[PDB]
Amino acid sequence: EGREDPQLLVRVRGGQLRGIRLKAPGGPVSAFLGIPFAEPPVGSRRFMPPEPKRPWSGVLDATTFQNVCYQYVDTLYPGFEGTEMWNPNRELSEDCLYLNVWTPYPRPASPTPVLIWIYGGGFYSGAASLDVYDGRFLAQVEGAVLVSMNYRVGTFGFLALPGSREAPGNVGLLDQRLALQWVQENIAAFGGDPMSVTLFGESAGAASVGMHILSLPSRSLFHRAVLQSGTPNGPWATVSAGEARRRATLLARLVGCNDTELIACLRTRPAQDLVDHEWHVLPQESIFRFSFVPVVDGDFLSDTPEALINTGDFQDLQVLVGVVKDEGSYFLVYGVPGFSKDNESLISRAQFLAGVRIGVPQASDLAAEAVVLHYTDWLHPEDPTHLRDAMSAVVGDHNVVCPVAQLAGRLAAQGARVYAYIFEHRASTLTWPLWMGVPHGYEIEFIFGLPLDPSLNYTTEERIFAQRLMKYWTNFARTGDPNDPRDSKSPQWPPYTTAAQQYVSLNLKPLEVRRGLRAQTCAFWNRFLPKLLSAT
Ligand SMILES: *[C@@H]1O[C@H](CO)[C@@H](O)[C@H](O)[C@H]1NC(C)=O
């Protein structure tokens with residue numbers, strides 16, 4: 001050093017880092033990108049828990065994003081921004097265990113509350129370097145210290161021969177925990193306060209967050225939690241040990257393969273062979289179901305998430321949870337016949353019955369009959385527009401809205417302070433059709449404050465809206481309460497309780513308080529539907 005910027009030189013446990021000064025709309029921020037937190041989980045390390053990164057010599061250049069974890073790349077609509085924005089934006093590699101830090105410039109003298117982003121992508125995709133996860137706005141405008149990590153997805157992160165030593169499962173979750181541990185030890189070097197660490201994530205990221213809540217060794221590494229459109233409970237976020245064992249041996253057979261010998265052989269396969277076959281192991285034709293996800297291993301997860309939330313002590317827990325207006329629409333174009341981004345996707349009653357079997361792939365004939373009965377509008381049972389919207393609701397309710405209601409209910413009843421929302425604003429810049437409404441993941445760009453960038457063509461109301469949400473999120477991170485104590489009655493956001501079931505709408509209009517999160521419909525999914533499949 002000598003002629004470099006004094007604010008960009010930081011030491012952490014493993015060594016020295018040089019960051020980059022980035023431009024945010026209202027001023028500069030500090031960014032430390034591609035900091036390694038684990039030994040590269042390659043070769044013999046594939047499928048194994050991450051080993052902490054051994055110290056390096058010299059000043060590590062931390063000015064660009066690092067590799068994206070090896071994964072399937074979406075190809076449904078080549079060139080289309082609505083799909084591309086989620087696609088990897090750096091080289092794919094198994095050497096991908098890096099994290100990123102954004103802080104104010106110059107970095108704060110007093111310790112700042114830390115926000116840790118965990119991305120979604122169904123546990124088969126995702127990356128902390130996507131444009132919608134850009135922490136520079138939260139860091140600049142709200143003065144937050146923001147951290148995001150890469151964690152292994154797909155087989156690399158989740159293939160499991162439960163019980164075995166060499167592929168124990170949930171190692172993608174262990175990548176996340178390692179980064180949480182890195183934050184406890186090192187974030188103070190950046191002005192972050194390790195005693196104020198808020199986790200937030202969306203979809204599989206939300207479910208990830210939910211699992212750190214449920215896994216005791218993670219609990220001491222954070223203080224509050226936001227779960228956007230995702231939960232550890234529910235039908236897609238976990239598989240049983242038996243089912244993970246089944247999928248893992250099938251996948252092994254498909255690429256050419258005693259647990260030790262199986263895994264040893266899997267380790268000799270190129271990463272791309274594994275990705276090519278990962279979608280061939282699902283039990284049924286389905287949507288919103290993924291091959292390699294967290295397993296109920298009796299270790300990281302001591303029991304099913306359903307069980308752990310029913311019987312858990314959440315006294316000292318503040319939690320913000322919510323959903324978007326149309327949780328189910330996104331995946332309809334991915335495997336329900338009749339649906340497409342290129343038309344209105346008006347469907348027949350026949351396509352609707354078939355859709356229900358794909359969207360509730362684990363339902364018996366009788367349970368699917370129940371779903372169809374509940375969601376049919378018997379005044380117009382053949383109306384194509386209703387049926388299209390009902391198909392979307394079935395998928396969204398079953399996968400997100402009802403797991404979230406279930407989760408919010410159990411947490412509130414068991415000590416937790418819960419705040420709940422529904423996000424209803426459709427980005428003026430959205431490229432998916434109008435019929436898809438506000439699909440899942442399209443609140444994110446607002447929370448991270450992308451509309452503050454003039455070159456992005458968000459409306460002025462959207463720029464103001466984004467700031468409202470950044471305030472809610474960071475107030476929550478700071479205090480456990482999304483409301484601003486200064487600005488009183490504008491109006492208030494009440495906690496969600498089992499008595500009143502209050503939640504707020506998030507849109508361009510001021511906060512509106514509503515009651516019951518699909519209460520009737522969620523009774524169907526959460527109370528009745530299990531008892532039906534518990535007697536078929
Ligand atoms: C933003 O604004 C200009 C004018 O409409 C347009 O040419 C450009 O493509 C827009 N960028 C985005 C993000 O679509």
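Every number for a ligand or one of its atoms is a count from 1 in the order of the listing. Just so you know, residue 1 is the first one in the sequence shown, and it goes up from there.
Summarising the geometry of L138 relative to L146, their closest heavy-atom pair is CD1-CD1, 3.5 Å, with the distance given to 0.1 Å.
Take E462 and apply the salt bridge (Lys or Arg N to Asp or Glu O under 4.0 Å) test, not counting sequence neighbours, and it matches no residue. Under the side-chain contact (heavy atoms from CB on, under 4.5 Å) criterion, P439 pairs with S329, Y330, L430, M436, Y442, sequence neighbours left out. Every residue was checked against the side chain to side chain donor-acceptor pair (under 3.5 Å) condition with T103, not counting sequence neighbours, and none meets it.
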Put together the list of close N/O pairs, under 3.5 Å, between ligand 1 and the protein, could you?
from	atom 1	to	atom 2	distance (Å)
ligand 1	2 (O)	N457	OD1	2.8
ligand 1	2 (O)	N457	ND2	2.4
ligand 1	11 (N)	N457	ND2	2.9

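Under the 6.0 Å cut-off for aromatic ring centres, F290 and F288 qualify, their centroids lying closer than that.
Between the side chains of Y458 and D453, not a single donor N or O lies within less than 3.5 Å of an accepting N or O.
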